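Fold and geometry: a report
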Amino acid sequence: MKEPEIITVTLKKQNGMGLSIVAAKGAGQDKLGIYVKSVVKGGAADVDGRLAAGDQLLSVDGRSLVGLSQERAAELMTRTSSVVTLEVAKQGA
């Protein structure tokens, strides 16, 4: 069985979020997680070096995006305060 690495990271907003995301399902998960399609060079997450491309997102600022659409997650990420906590999962398919 595949065993990824999920960790909650805390980053701030410099000029939005330069990274692609997707709301789909997978294995051992009958919901829709917010996966990271890619990260635009220059973004706070890219420059820092925490999350990577082809990852999964569960919790955001204390909340949980388990079973939400790409719009709901993306819209929620933009409607956040200065600091934004995100729990990424080290995986890939």
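Conventions and cut-offs
- Residues numbered from 1 in each chain as written, not as in the entry; some residues may be left out.
- Heavy atoms only, no water.
- Buried < 20%, exposed > 50% of the residue type's maximum accessible area, 1.4 Å probe, protein only.
- Helix = DSSP H or I, 4+ residues; strand = E, 2+ residues; numbered from the N terminus.
- Pairing = 2+ DSSP bridges.

The protein goes by AF-6 protein in the PDB entry, where it is assigned to Homo sapiens. Per the PDB record, the entry is named "Solution Structure Of The Pdz Domain Of AF-6".

1. What about the pairing of strand β6 (residues 83-90)?
Of all 8 residues in β6, 6 are buried, a share of seventy percent or more. Two strands pair when backbone bridges link them, and strand β1 (residues 5-12) and β6 are joined in this way by 8 bridges, in the antiparallel orientation. Residue pairing for β6: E5 is matched across the bridge by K90. Inspection of the sheet shows strand β4 (residues 55-60) paired to β6 by 3 bridges, in the antiparallel sense. Across the sheet, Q56 pairs through a bridge with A89, a residue of β6.

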